[PDB]
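Visitor: Structure provided below as structure tokens; questions to follow.
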Amino acid sequence: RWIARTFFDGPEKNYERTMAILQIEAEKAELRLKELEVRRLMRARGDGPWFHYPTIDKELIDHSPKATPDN
Amino acid sequence: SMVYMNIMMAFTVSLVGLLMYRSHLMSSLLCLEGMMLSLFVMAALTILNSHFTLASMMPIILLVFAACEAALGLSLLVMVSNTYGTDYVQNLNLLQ
Amino acid sequence: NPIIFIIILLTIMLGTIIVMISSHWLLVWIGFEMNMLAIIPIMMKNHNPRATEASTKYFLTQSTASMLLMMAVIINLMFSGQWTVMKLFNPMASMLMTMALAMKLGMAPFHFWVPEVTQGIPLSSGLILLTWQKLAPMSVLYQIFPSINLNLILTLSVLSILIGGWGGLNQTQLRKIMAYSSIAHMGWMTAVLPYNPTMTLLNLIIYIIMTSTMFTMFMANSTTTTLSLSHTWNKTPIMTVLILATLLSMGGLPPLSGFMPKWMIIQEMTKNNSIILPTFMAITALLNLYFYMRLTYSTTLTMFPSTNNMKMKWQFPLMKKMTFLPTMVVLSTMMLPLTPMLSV
Amino acid sequence: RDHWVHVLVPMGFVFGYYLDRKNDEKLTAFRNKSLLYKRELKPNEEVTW
Amino acid sequence: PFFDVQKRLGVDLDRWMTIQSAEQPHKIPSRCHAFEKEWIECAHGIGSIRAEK
Amino acid sequence: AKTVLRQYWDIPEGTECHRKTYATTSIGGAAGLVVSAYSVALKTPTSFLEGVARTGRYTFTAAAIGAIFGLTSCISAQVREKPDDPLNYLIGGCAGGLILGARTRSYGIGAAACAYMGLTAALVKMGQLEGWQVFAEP
Amino acid sequence: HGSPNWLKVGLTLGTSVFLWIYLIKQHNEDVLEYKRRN
Amino acid sequence: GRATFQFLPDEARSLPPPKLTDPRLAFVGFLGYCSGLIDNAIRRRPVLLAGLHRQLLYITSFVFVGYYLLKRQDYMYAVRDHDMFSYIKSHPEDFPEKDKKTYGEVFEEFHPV
Amino acid sequence: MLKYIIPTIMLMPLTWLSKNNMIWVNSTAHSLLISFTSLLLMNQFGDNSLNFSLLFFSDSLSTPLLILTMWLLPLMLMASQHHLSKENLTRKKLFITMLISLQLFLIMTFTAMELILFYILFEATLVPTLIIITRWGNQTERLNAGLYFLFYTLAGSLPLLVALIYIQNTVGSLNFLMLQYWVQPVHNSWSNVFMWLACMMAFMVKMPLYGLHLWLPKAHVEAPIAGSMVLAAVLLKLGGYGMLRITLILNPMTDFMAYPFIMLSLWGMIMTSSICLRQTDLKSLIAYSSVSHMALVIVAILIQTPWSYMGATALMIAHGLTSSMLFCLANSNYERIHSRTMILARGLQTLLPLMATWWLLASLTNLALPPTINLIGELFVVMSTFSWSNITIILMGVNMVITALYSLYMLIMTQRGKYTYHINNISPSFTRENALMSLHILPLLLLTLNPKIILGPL
């Protein structure tokens, strides 16, 4: 009688602790299927800035009337 | 045109069997300086007809290092003959 | 002599910055041209006739490995004329690119650049300076990365640890044993480079740390494995415990932090449904550990300290930045949830 | 002296038991369950959290 | 790795001798100047992996 | 090249036992020319002739494995029960390896050439049987 | 007697108090810079 | 991913910041606490409670640097999820809504021993 | 574990912090005090289940197994002091600290909450064991045996990482054993053979089959000061239990290829105990007993369906206490005659009468005399694999026959006389020699009263 309430708990703590650290997992193990949905398979679009490769900058082009009438 | 095949055939003056072998190592350092003008010319034919107007300073700068490079390599080839008197690439002591 | 030794030494790292700070293939040509110009004096300093017959075996290997690179530039000068550092627009250029640059980092072909130099240079002191030349071309393969043939970069890397492994079981000279397993740790990082080219740099920053701290331990007297016996009971017995810890860390054992790369690098190699590729290499670096065990069986078991010579005096070398190396090269495996989000 | 080498070191138990309690006071997600496990109306399933 | 110092602080170390249509000191263009300016107009904000196809 | 495999893996599949071992001795015949040969040849400089023969001599010794390596399969592919199987193609491992066992005498090489070759034999056709891909991309 | 160099002994004791006060002022500012931004 | 070549950019203001008494920051420098003890042990000190001024400033080093290092680690995951959820938000054709089906639909194997 | 690891790390800056020869009494004093605290919060209830705190503990709920891991540091320090006390105090402080450093990782092991936390702690050992093998042995064949202890354990355990990382990104995440409610089955394929096989074979290398046992009479034969890590290496072998955590789920339906693991480990059982009756090294006599009736669990795990898990759990800590003490019987009686040759130690049983009971009550637990923890273990395994096929009573019965003639052959070699020699061997089995030989049978026959504490889920 004086062992349980003097030391530990019953089915109101270690039950619904397994409800608490199994709702830290269902938002962990569902996102790891969505990284691998998007990261590994972006793919042919390159839309989001992960697979974004640089090409060239069109700011440095010139528009002056360069002296050749047929360039 | 054919002015590029000759000379891209003439880039094979490396050919690696005769880039360090055989002895009289001066014969091998020869084609290291003679591998230039197969790069100095092959650049100069391309910058010049296609009027880039700016990249033709690069063939001038292409000599300036490779001269200073090979001059450094020629300093050490005296040091192999300063200790011996003969270069002779079949000198080997430090194994691998 | 003293001031000009810095100006030579300063421009070595100034040569490699221009390799990284560049948008133009001409400047990356100059970048590790002058490194091949400013290493040759450091080879020399005490003028011994092996060293002169070693730097000249070093020299022309990095003259041709220079020279094919400028050949690879002028090919895709003809094709579309852009000179930004990016994909090379020609499979005859990129093939000539990657296996030209494989000589400066030396892979498994282009073989004896690594042992024949590092052995027998009387400057064993350092020659830690052979970590810059592993660092300059890796900064070039970060950009060229989405233009390769995917077979050549693996075939130089699958051969890398299979032949960097076998090569050194037949050794005593501990400079060669450091020269070997330096191709092997270039095998793990370029096997990964086509798949997510960061989490390559994680392996490199670890490799600078664990190798730099190995040479600083070696600078008491150590030349050969038999000389690695005669300092436990003579110099300091705490040195024997330290030289155990880094080797067992650099083998990749999970209580230490050389297991930090692999553990993460297989998270990327599978996730790409490639399973037979890591299982070959992961079982290959196992006889990369039989260097280190059978090296630790020398110093840590009191194997014959004979020829009674007393070092009754203290030690005054400069063990610079040594107190903080085996505290981030061993104990970091818990403390890196994201090192790959700082470096990314 | 007063021997901190001795029994002061098993006093790390309650020091460790202090850190033992700090997790369950942020693991307080569900008072909503159905298997006694109630937290229905009462001050019984609220306490000891 | 590509540090890109010269994008932070606005000096051009090089950047000018790169492409076929940049400056032209007295404004004499190349033989294909009309297609350089047209092609660079295509892939600017495009991330170059969809630009190939 | 890869198209040799695109005429190896495509058409026969157990039957047509001559063109199977005609193409499967090309690949293994080509690797006798390989770097091993290259290395030894260079290493010994050989001579003006005879030396050359001797060097290649062993390359010719090497040739012969891929000659039987379809032949042990394509006989035993159809005669038993007519699929191609991992236990079918296992048979070409041991006696296919025993060419290296027959020359350069056995009792320490030949059974070890038999055993390990039988391990790496069946896994190849097992590879496409599960759809294995070594050098892949996402 | 005691004989240190008496030059740097205190620079280590003076750098931390420079570092910590620079840290805590950077921390006590940035503890408010969250709410100042969010 | 924009605003290139910063140690940590301007937009990291709305992140918590990672305040102290976190066990990593206790651990960062705990190894430095171990490192300063090594710093005596290399040199035949022979103290192991040597000069405290060498045994201090290791603690000050790692903790300051490690704090100033961790402000971008929590940024980089925060910028990671920020770009994923946007690409989740656009393109619903790549993200379908699965049907909710209880255990009255499945007929599984059934393999008993 | 809330804080069991946190006091047992605080043991470590107590040893070097101490004075002179007080370092033996200071360590053994506090190390016994954990045995109350180890029992204290654990052994709770109990019906599905005790998830303990967080991502660091599932409390080792249905398999206790961990109280025995905490006896030993206050069991080995009293055992190791026989021939250790000639070295320096600077190394005597070392050998206590790495021994505690072996107990640290075993405490987060067996509980571990995950499968990838398991492996990095499954491999976090083998570094502090190898230091006790290479340094602190006797004459040579330490160094090859230091390498045979590696390269079996490490060659097998690396294809775990290929498969465990493969699961972590295939089906959700493995991080919890209680997110293992959604489990797809594993059918018959040509890739699902290897997924089963690579995940299993790294456990076979520690608890041996008849093949690949070649490292087990190497490390135990040439062995430290007085069984000092040999007591640890018998727990570590049965600390490869994690096949009970894996194979119950996580490919549950592959019994199709269990048969080359059954017949190899069921016929090997009847032979590898038979191959020991002609041993001449005494510590190698026990080293093959540890092969045989450890390998009975390998045909008790792969055969599923409890009334076997009743017994397969009770056999892990059956000879956890028995084979520990037999090594302690041989770590003693070597301090007096300096050979481990079993021929030489004759003329006994008159000279040391008080330890005659310690021989018998050891060897009466292999005969196993049904009210012990032993024949409550075997007779559940016997009544389990009877229901697999009836023919298995034959081989397992002859297993019971030969080990009866095997255990007595070690007893009866001391019942002879006239001693012929031996002006030494005077020491009449001092107070320490009986104390560390006790606390083995004192819990071993005690738990036979209510052995409901020793049971699985089940």
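Ordered as shown in the structure tokens, chains take letters A, B, and onward, while each chain numbers its residues from 1 and ligands are numbered from 1 in the order shown.
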As a compact mmCIF listing (two decimals) with C-alpha atoms, in the first residue's frame, please: the residues near residue 117 (chain I) (cut-off 10 Å, only C-alpha atoms, same-chain neighbours under 2 positions excluded).

Guide:
```
# COMPACT_ATOMS: atom_id res chain seq x y z
CA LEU I 55 13.69 9.28 -27.01
CA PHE I 56 16.25 7.85 -24.54
CA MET I 108 21.88 3.23 -22.61
CA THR I 109 22.03 -0.02 -24.53
CA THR I 111 16.84 0.17 -23.45
CA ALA I 112 17.79 2.45 -26.31
CA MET I 113 14.24 3.39 -27.49
CA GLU I 114 15.17 2.96 -31.16
CA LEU I 115 17.10 0.79 -33.56
CA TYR I 119 23.66 0.26 -33.26
CA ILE I 120 25.86 3.25 -32.44
CA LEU I 121 25.81 1.96 -28.84
CA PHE I 122 26.05 -1.64 -30.07
CA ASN I 175 13.09 6.05 -34.41
CA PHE I 176 10.52 4.38 -32.15
```

Visitor: Taking only C-alpha atoms into account, find every residue of chain A that has an atom no more than 8 Å from chain D, and write it out as a PDB file with N, CA and C atoms, in the first residue's frame.

Guide:
```pdb
ATOM      1  N   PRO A  11      -1.687   4.110 -14.290  1.00  0.00           N
ATOM      2  CA  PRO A  11      -2.174   4.408 -15.651  1.00  0.00           C
ATOM      3  C   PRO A  11      -2.904   5.735 -15.816  1.00  0.00           C
ATOM      4  N   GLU A  12      -2.261   6.818 -15.404  1.00  0.00           N
ATOM      5  CA  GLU A  12      -2.636   8.172 -15.764  1.00  0.00           C
ATOM      6  C   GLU A  12      -1.421   9.009 -16.129  1.00  0.00           C
ATOM      7  N   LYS A  13      -0.213   8.491 -15.900  1.00  0.00           N
ATOM      8  CA  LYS A  13       0.992   9.151 -16.384  1.00  0.00           C
ATOM      9  C   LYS A  13       1.672   8.349 -17.482  1.00  0.00           C
ATOM     10  N   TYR A  15       0.432   5.980 -19.080  1.00  0.00           N
ATOM     11  CA  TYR A  15      -0.526   6.073 -20.163  1.00  0.00           C
ATOM     12  C   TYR A  15      -0.769   7.559 -20.359  1.00  0.00           C
ATOM     13  N   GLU A  16      -0.880   7.979 -21.620  1.00  0.00           N
ATOM     14  CA  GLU A  16      -0.895   9.374 -22.084  1.00  0.00           C
ATOM     15  C   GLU A  16       0.425  10.106 -21.827  1.00  0.00           C
ATOM     16  N   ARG A  17       1.499   9.375 -21.535  1.00  0.00           N
ATOM     17  CA  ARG A  17       2.822   9.803 -21.973  1.00  0.00           C
ATOM     18  C   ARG A  17       3.134   9.178 -23.322  1.00  0.00           C
ATOM     19  N   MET A  19       0.804   8.717 -25.351  1.00  0.00           N
ATOM     20  CA  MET A  19       0.055   9.565 -26.261  1.00  0.00           C
ATOM     21  C   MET A  19       0.784  10.866 -26.544  1.00  0.00           C
ATOM     22  N   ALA A  20       1.782  11.213 -25.735  1.00  0.00           N
ATOM     23  CA  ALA A  20       2.430  12.508 -25.887  1.00  0.00           C
ATOM     24  C   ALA A  20       3.707  12.414 -26.708  1.00  0.00           C
ATOM     25  N   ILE A  21       4.478  11.339 -26.547  1.00  0.00           N
ATOM     26  CA  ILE A  21       5.688  11.172 -27.342  1.00  0.00           C
ATOM     27  C   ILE A  21       5.415  10.199 -28.477  1.00  0.00           C
TER      28      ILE A  21
END
```

Visitor: Need to verify the contact set: region 57-71 of chain H, 9 Å, only C-alpha atoms, exclusion of same-chain residues closer than 3 positions in sequence. Can you return it as number ranges by chain?

Guide: C: 342; G: 12-13, 15-16, 19-20, 23; H: 8, 12, 15, 17-20, 24-33, 35-36, 53-54, 74-75

Visitor: Limited to C-alpha atoms, could you put the picked residues into a file as a short mmCIF file (atom, residue, chain, number, x, y, z; two decimals), in the first residue's frame?

Guide:
```cif
data_model
loop_
_atom_site.label_atom_id
_atom_site.label_comp_id
_atom_site.auth_asym_id
_atom_site.auth_seq_id
_atom_site.Cartn_x
_atom_site.Cartn_y
_atom_site.Cartn_z
CA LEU C 342 26.57 25.72 -41.15
CA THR G 12 43.31 36.44 -20.24
CA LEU G 13 41.42 37.88 -17.28
CA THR G 15 39.72 39.47 -22.62
CA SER G 16 36.90 37.36 -21.15
CA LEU G 19 34.15 39.02 -24.45
CA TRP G 20 31.40 38.17 -21.94
CA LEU G 23 28.32 38.61 -25.50
CA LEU H 8 24.18 35.00 -41.25
CA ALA H 12 17.34 35.85 -39.07
CA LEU H 15 14.30 33.33 -34.84
CA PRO H 17 17.31 33.28 -30.61
CA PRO H 18 18.86 30.08 -29.19
CA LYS H 19 19.26 31.36 -25.64
CA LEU H 20 21.61 29.84 -23.09
CA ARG H 24 25.02 21.83 -26.22
CA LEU H 25 26.39 25.18 -25.06
CA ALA H 26 27.23 23.49 -21.78
CA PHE H 27 28.87 20.72 -23.80
CA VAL H 28 30.59 23.17 -26.14
CA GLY H 29 33.41 24.23 -23.89
CA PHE H 30 33.06 21.18 -21.69
CA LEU H 31 35.33 19.64 -24.28
CA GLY H 32 37.25 22.90 -24.02
CA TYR H 33 37.26 22.33 -20.27
CA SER H 35 41.11 20.59 -23.63
CA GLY H 36 42.75 22.97 -21.18
CA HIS H 53 44.74 31.87 -16.66
CA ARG H 54 45.66 29.23 -19.24
CA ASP H 74 18.74 27.18 -36.54
CA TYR H 75 18.39 29.61 -39.44
#
```

Visitor: Compile a residue-level contact table for chain C against chain E at a cut-off of 12 Å, reporting for every qualifying residue the shortest atom pair and its distance in Å to one decimal, with only C-alpha atoms counted, rows ordered by chain and ascending number, as a tab-separated table.

Guide:
```
residue	atom	partner	partner_atom	distance
C:16	CA	E:1	CA	10.8
C:17	CA	E:3	CA	9.2
C:18	CA	E:13	CA	9.9
C:19	CA	E:2	CA	8.8
C:20	CA	E:2	CA	5.3
C:21	CA	E:4	CA	5.9
C:22	CA	E:14	CA	7.7
C:23	CA	E:15	CA	6.4
C:24	CA	E:18	CA	6.2
C:25	CA	E:18	CA	8.7
C:26	CA	E:18	CA	9.4
C:27	CA	E:14	CA	8.5
C:28	CA	E:14	CA	11.6
C:77	CA	E:19	CA	10.2
C:78	CA	E:20	CA	11.7
C:79	CA	E:20	CA	11.9
C:80	CA	E:36	CA	8.7
C:81	CA	E:19	CA	6.6
C:82	CA	E:19	CA	5.0
C:83	CA	E:18	CA	5.1
C:84	CA	E:18	CA	6.5
C:85	CA	E:2	CA	9.8
C:86	CA	E:48	CA	10.6
C:87	CA	E:48	CA	10.1
C:89	CA	E:52	CA	10.7
C:135	CA	E:1	CA	9.2
C:136	CA	E:1	CA	8.8
C:137	CA	E:1	CA	9.6
C:138	CA	E:1	CA	7.6
C:139	CA	E:1	CA	4.5
C:140	CA	E:1	CA	7.4
C:141	CA	E:1	CA	8.7
C:142	CA	E:1	CA	6.3
C:143	CA	E:2	CA	7.6
C:144	CA	E:2	CA	11.2
C:145	CA	E:1	CA	11.8
C:146	CA	E:49	CA	9.4
C:147	CA	E:49	CA	11.4
C:197	CA	E:1	CA	10.8
C:198	CA	E:1	CA	10.1
C:200	CA	E:1	CA	11.1
C:201	CA	E:1	CA	8.9
C:204	CA	E:1	CA	11.6
C:343	CA	E:1	CA	10.4
C:344	CA	E:1	CA	10.8
```

Visitor: Taking only residues of chain H that have an atom at most 9 Å from an atom of chain I, what is each one's shortest atom pair and its distance in Å to one decimal, using only C-alpha atoms, in chain and number order, as JSON lines?

Guide:
```
{"residue": "H:109", "atom": "CA", "partner": "I:185", "partner_atom": "CA", "distance": 8.3}
{"residue": "H:111", "atom": "CA", "partner": "I:253", "partner_atom": "CA", "distance": 7.3}
{"residue": "H:112", "atom": "CA", "partner": "I:253", "partner_atom": "CA", "distance": 8.6}
{"residue": "H:113", "atom": "CA", "partner": "I:305", "partner_atom": "CA", "distance": 8.4}
```

Visitor: Compile the residues of chain B that lie within 8 Å of chain E, evaluated using only C-alpha atoms, and express the compilation as a JSON list (two decimals) with N, CA, C and O atoms, in the first residue's frame.

Guide:
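So result17.json came out as:
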```
[["chain", "number", "residue", "atom", "x", "y", "z"],
["B", 50, "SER", "N", 36.92, 35.70, -85.32],
["B", 50, "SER", "CA", 35.73, 36.08, -84.58],
["B", 50, "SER", "C", 36.10, 37.24, -83.68],
["B", 50, "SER", "O", 36.68, 37.03, -82.62],
["B", 51, "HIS", "N", 35.74, 38.45, -84.10],
["B", 51, "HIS", "CA", 36.31, 39.67, -83.53],
["B", 51, "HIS", "C", 35.82, 39.86, -82.10],
["B", 51, "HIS", "O", 34.77, 40.48, -81.87],
["B", 52, "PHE", "N", 36.58, 39.34, -81.15],
["B", 52, "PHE", "CA", 36.21, 39.42, -79.74],
["B", 52, "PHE", "C", 36.59, 40.77, -79.16],
["B", 52, "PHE", "O", 35.94, 41.24, -78.22],
["B", 53, "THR", "N", 37.71, 41.33, -79.66],
["B", 53, "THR", "CA", 38.29, 42.65, -79.44],
["B", 53, "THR", "C", 38.95, 42.77, -78.06],
["B", 53, "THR", "O", 39.78, 43.66, -77.84],
["B", 54, "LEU", "N", 38.73, 41.80, -77.17],
["B", 54, "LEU", "CA", 39.23, 41.90, -75.80],
["B", 54, "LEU", "C", 40.02, 40.66, -75.37],
["B", 54, "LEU", "O", 40.98, 40.79, -74.62],
["B", 55, "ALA", "N", 39.63, 39.47, -75.83],
["B", 55, "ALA", "CA", 40.30, 38.26, -75.38],
["B", 55, "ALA", "C", 41.65, 38.07, -76.05],
["B", 55, "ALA", "O", 42.37, 37.14, -75.69]]
```

Visitor: If we count only C-alpha atoms, which residues of chain A reach to within 10 Å of chain C? Please list them as a list in words.

Guide: residues 36, 40, 51, 53, 54, 55 and 56 of chain A

Visitor: Would you pick out the contacts of region 23-38 of chain I at 10 Å or less, using only C-alpha atoms, so that residues sharing its chain but fewer than 6 positions from it are not included, and give the list as a count of residues only?

Guide: 35

Visitor: Give me the residues of chain D that have any atom at most 6 Å from an atom of chain I; for each, the nearest atom pair and the distance in Å, rounded to one decimal. Use only C-alpha atoms, sort by chain and number, and format it as CSV.

Guide:
```
residue,atom,partner,partner_atom,distance
D:5,CA,I:14,CA,6.0
D:12,CA,I:7,CA,5.9
D:16,CA,I:3,CA,5.2
D:20,CA,I:2,CA,5.2
```

Visitor: Figure out the distance between CA of residue 14 (chain F) and CA of residue 77 (chain F), please, to one decimal in Å.

Guide: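 These atoms are spaced 5.2 Å apart.
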
Visitor: Quick one: everything within 10 Å of residue 267 (chain C), counting only C-alpha atoms, minus sequence neighbours fewer than 2 positions away in the same chain. Send it as a ChimeraX atom specification.

Guide: /C:199,261-265,269-272 /I:161-162,165-166,168-169

Visitor: Nearest to chain C: which of F:49, F:5, F:71, F:35 is it, counting only C-alpha atoms?

Guide: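 Counting only C-alpha atoms, the residue closest to chain C is F:35.
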
Visitor: Based on the backbone DSSP call, show me all residues of chain G assigned alpha helix (DSSP H), as a PyMOL selection string.

Guide: chain G and resi 11-37

Visitor: Got a sec: who's within 10 Å of residue 116 (chain F), counting only C-alpha atoms, leaving out chain neighbours fewer than 5 positions off, as a PDB file with N, CA, C and O atoms, in the first residue's frame?

Guide:
```
ATOM      1  N   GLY F  93      29.713 -20.549 -63.180  1.00  0.00           N
ATOM      2  CA  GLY F  93      30.710 -20.006 -62.287  1.00  0.00           C
ATOM      3  C   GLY F  93      31.924 -20.890 -62.093  1.00  0.00           C
ATOM      4  O   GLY F  93      33.036 -20.488 -62.447  1.00  0.00           O
ATOM      5  N   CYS F  94      31.722 -22.086 -61.533  1.00  0.00           N
ATOM      6  CA  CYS F  94      32.822 -22.946 -61.105  1.00  0.00           C
ATOM      7  C   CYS F  94      33.706 -23.414 -62.251  1.00  0.00           C
ATOM      8  O   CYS F  94      34.890 -23.067 -62.299  1.00  0.00           O
ATOM      9  N   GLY F  97      35.311 -20.768 -63.897  1.00  0.00           N
ATOM     10  CA  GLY F  97      36.486 -20.307 -63.185  1.00  0.00           C
ATOM     11  C   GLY F  97      37.650 -21.272 -63.294  1.00  0.00           C
ATOM     12  O   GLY F  97      38.811 -20.875 -63.171  1.00  0.00           O
ATOM     13  N   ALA F 111      40.127 -24.596 -56.736  1.00  0.00           N
ATOM     14  CA  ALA F 111      38.855 -24.641 -56.020  1.00  0.00           C
ATOM     15  C   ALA F 111      38.489 -23.264 -55.482  1.00  0.00           C
ATOM     16  O   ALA F 111      37.308 -22.906 -55.409  1.00  0.00           O
ATOM     17  N   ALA F 121      28.953 -15.182 -59.915  1.00  0.00           N
ATOM     18  CA  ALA F 121      28.270 -15.545 -61.150  1.00  0.00           C
ATOM     19  C   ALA F 121      26.785 -15.227 -61.066  1.00  0.00           C
ATOM     20  O   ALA F 121      26.265 -14.428 -61.850  1.00  0.00           O
TER      21      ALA F 121
END
```

Visitor: Pick out the chain C residues within 10 Å of chain I. Count only C-alpha atoms. Give them as an MDAnalysis selection string.

Guide: chainID C and resid 248 253:256 259 262:264 266:271 273 275:276 278:279 282:283 286:287 289:290 293:294 297 300:302

Visitor: Would you tabulate, counting only C-alpha atoms, all residues of region 213-324 of chain I that have an atom at most 9 Å from an atom of region 372-387 of chain I, showing the closest pair of atoms and their distance in Å to one decimal, sorted by chain then ascending number, as CSV?

Guide:
```
residue,atom,partner,partner_atom,distance
I:296,CA,I:381,CA,8.3
I:297,CA,I:381,CA,8.4
I:299,CA,I:385,CA,8.2
I:300,CA,I:381,CA,6.6
I:303,CA,I:385,CA,7.5
I:305,CA,I:384,CA,8.3
I:306,CA,I:384,CA,7.7
I:307,CA,I:380,CA,5.7
I:308,CA,I:381,CA,5.2
I:309,CA,I:380,CA,8.4
I:310,CA,I:380,CA,6.6
I:311,CA,I:377,CA,4.3
I:312,CA,I:377,CA,6.9
I:313,CA,I:377,CA,8.0
I:314,CA,I:377,CA,5.3
I:315,CA,I:377,CA,5.6
I:317,CA,I:373,CA,8.6
I:318,CA,I:374,CA,5.7
I:319,CA,I:374,CA,8.1
```

Visitor: Could you list the residues in chain A lying within 12 Å of chain F, using only C-alpha atoms, and format the result as a VMD selection string?

Guide: chain A and resid 36 to 44
